[PDB]
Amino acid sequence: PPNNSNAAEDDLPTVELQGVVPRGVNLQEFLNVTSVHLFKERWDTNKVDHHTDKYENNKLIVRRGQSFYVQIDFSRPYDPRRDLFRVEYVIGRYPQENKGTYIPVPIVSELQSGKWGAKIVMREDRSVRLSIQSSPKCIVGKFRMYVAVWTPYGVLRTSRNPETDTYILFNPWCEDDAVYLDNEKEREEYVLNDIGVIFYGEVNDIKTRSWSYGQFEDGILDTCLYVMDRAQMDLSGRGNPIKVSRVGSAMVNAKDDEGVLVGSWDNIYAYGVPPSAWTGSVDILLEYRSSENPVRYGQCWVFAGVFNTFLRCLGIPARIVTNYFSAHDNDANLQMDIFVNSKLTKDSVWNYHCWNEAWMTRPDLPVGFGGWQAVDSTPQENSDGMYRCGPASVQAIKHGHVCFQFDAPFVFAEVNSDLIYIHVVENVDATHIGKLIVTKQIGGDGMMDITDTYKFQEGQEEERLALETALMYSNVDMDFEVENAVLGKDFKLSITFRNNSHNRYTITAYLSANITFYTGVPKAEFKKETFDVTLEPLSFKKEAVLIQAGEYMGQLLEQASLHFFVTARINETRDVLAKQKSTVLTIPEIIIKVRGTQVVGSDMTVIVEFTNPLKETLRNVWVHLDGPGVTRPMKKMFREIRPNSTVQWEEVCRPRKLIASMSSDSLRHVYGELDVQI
């Protein structure tokens, strides 16, 4: 049967005898658990290191992909030569290992990266202390803990004990988690902050409503798990933030799924609470858990207020945005069809709208479409048969790549749809929709303008080109390849146009070059250029834009890649050709060796070898050695290095880490390192 309930439990036997165990067998020969300690208190290392001390909850709450300490007390001291046991974390009524819901945790000697395991770190008396490491992709929820001792007759498991139950949450602190956020300030605001502000009003008259998210208050966490139970969300997917965010975007509104909040706009709000009355999320969600029925009522800002609590409570970093002059598209044409005329016209435009943004990687999308994802629980339009919206990649909306799931065309139309006064046309307005998008700033109640994340500035040619690309989701081919990109050196970006027609064309285009992480999260735009090229008939044209090294070297990170947007419009036919590609920089590295005894009080030779990576001629090569405690900083110059030729630098020194760096005239800031013990 489907296993989609954290509340439901199966019963795990305490004496899993196998075969025909003879009568009179003596199970006292084997270990049994007298006590288990989880150090669950909110001052101890577990909750503090896992950023869960805030939760008003007396049970162990950890975040996945991180180590926490437990202690198991046995009847006699644990002996590895004769004892074999494992820890188990179980969830649901139908737990299987291959479904992620039965998790065996073997007692190992060394914790492995991204694998479940427990390592002993203390053995005093009859007690062993364990550092347990969870998988950075583990299901999020309330697990049941067991200690299982293996015997030749079966497994001796502990009895059910709800005091050892453990919540495992999303970990925005673990670089192996899809919700990883490499910024403590951003983490404290988008995860640990339980209050905030929401903006509303008009574009020129802006009001501020404060909201108490209260994700750490008693009952809220269990409620969020209940919200997922009520959705019948299969447990095997509750570790995927894309599924958790999309299920939330449906379950917060009461339509078609008996969700948390009922939307009403009719100025009456009979037999319920007016939307303007709510000041936080705790009372809505708790009433949902108590009554087990939807709460009345809510509107745009209240849906986001509760959705924000749901996301932060589970661990997904989340913020609330406000779109002023948000458009409502009814016929999915990405236009505001205006006929005035109230009978034929069905497209509306709100003074403002509020939806949520959730921080996650998008492994289901190409590289570059991670980071902030737009999610809207407010019921506006159907999506695949339900009232939900997102996660839509804000990055995909900016360049009009609305073909990437989910519901990107809708969110694009909300922020940058043109007005079409329509058989016959008349006027076309292109600046009215999405005048301003805002969100609460870090460290204050100010207003961070984030309009530039969803769309290019109205007026600029990239805005139109992005829009016309979105509307698209004359015998001309278009492609671009990156010309031998080496870290620390200028490289060429060659846009190619092939015209197979007998006509002469004019092409307007823009180029967007971006640094993205290895996971696929965007960092920044380091180059943006618009350009115009003419295409003679039966020709090929290779316009090559030069990316200078100084343009991107300032914002690079470990294993970062380059994401390029190139959208070109055929002016004569108004066609739009759009490509997006990712490339990893060919990064040179410095090999550092140490020969000799590496003790203090004696000389040792540090050998630095560098290989010329370019087909060019390197001149004025400066190599710098740095290593505090080993050798004072020094520099070896090299007036010339021939192509594909290797250089070696020896440096004696009497003494920790060593860092080397090369910089020439055509290649700068290429590094190497080596950890040395002394």
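Note that residue numbering follows the sequence shown and begins at 1.
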As the entry stands, the deposited residues without coordinates between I422 and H423 add up to 4 to 9
Sequence continuity check, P655 and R656 (deposited residues unmodelled): 4 to 9
Look over 28-36 and 64-72 in the entry and identify the one with the greater average Cα temperature factor. 28-36
On mean C-alpha B-factor from the PDB entry, just flag whether 611-619 or 39-47 is the higher one. 611-619
Identify, among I103, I591, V227, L221, the residue whose C-alpha carries the highest B-factor in the deposited PDB entry. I591
For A250, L585, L314, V367, the deposited C-alpha B-factor is largest at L585
According to the PDB entry, is the CA B factor of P537 in the bottom, middle or top third of its chain, that is, lowest, middle or highest? highest
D331's Cα B-factor: lowest, middle or highest third of the chain? highest
Consider only the C-alpha atoms of the modelled residues in this chain, order them by B-factor as the entry records it, and name the third containing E88: lowest, middle or highest. lowest
Split the chain's modelled residues into thirds by Cα B-factor; is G596 in the lowest, middle or highest one? highest
Which third of the chain does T52 land in by C-alpha B-factor: lowest, middle or highest? lowest
